[PDB]
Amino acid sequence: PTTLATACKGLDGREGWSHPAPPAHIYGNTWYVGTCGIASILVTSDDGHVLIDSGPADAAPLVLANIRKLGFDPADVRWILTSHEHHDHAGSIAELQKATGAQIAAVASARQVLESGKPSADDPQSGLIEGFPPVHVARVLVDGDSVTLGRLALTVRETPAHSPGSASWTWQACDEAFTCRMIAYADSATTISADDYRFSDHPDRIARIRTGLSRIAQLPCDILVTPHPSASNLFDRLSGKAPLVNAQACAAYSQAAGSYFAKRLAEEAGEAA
């Protein structure tokens, strides 16, 4: 009787990223096991589990504990996946992997950063953002691929709105009464950069953004979940304060991110004196 929502009140910002949160149940075989600021998703089967995102570089033990505190063995997670290739979300993929033995799978657009720890030359945020400890990508994926673990099937989309390597994930979950819902772990969708960076000068990046917004908006999406919980109002929805199921969430979320992006392009235009 503790609640993610009240347990993390006021910790949406930086203070929360490495700040411990009680694990929670999202739906069916899917569990929140991240911190107050950064999500980490556990997807369970008898055949083994899948885990998405590590949280910041120092957060490995926090989520390792949230796993056990739920009655699951971290030795049972067979795959570690990622939303996108920034330290706050993947910063301890490495430590999380050797503490678990899992293999790592990722979209090709992310592989280079993941295997080097340095953000991509195409990332609007380098070299503002910092790096994290590298990892070897065992299975490198293409848009529409499926990570399969027994009857588990997590299917990935390249969604490059926020970074070049951004990925969004989708899978089915069913409650105790065999009501089934599609969960969408839709990546951060914010178009943000270092100061000197201009999207107008990078048509590749702009075209990839449009592709990502379009794919995010069309994900099968009964239950939206975001690498930053507040981006999808996740703690209130998990804590009965707001509706957990809303099949229109991904569309609205993408529409909003796209609205933000257009304001940013307009700002860059009006800097053309």
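Note that residue numbering follows the sequence shown and begins at 1.
Between the stretches 166 to 174 and 73 to 81, it is 73 to 81 that shows the larger average CA temperature factor. When the mean C-alpha temperature factors of 155 to 163 and 116 to 124 are read from the deposited coordinates, 116 to 124 comes out higher. Within the selection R68, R208, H228, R215, the deposited Cα B-factor values reach their highest point at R68. Of the candidates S40, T30, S239, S232, the PDB record gives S239 the highest C-alpha temperature factor. When the modelled residues of the chain are ordered by C-alpha B-factor, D53 sits in the middle third. For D195, the recorded CA B-factor ranks within the highest third of the chain. Only modelled residues enter the ranking. The deposited CA B-factor of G144 belongs to the lowest third of values across its chain.
In this PDB entry, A59 carries a Cα temperature factor that places it within the highest third of its chain's modelled residues. Annotation for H202: CA B-factor lies in the lowest third of the chain's modelled residues.
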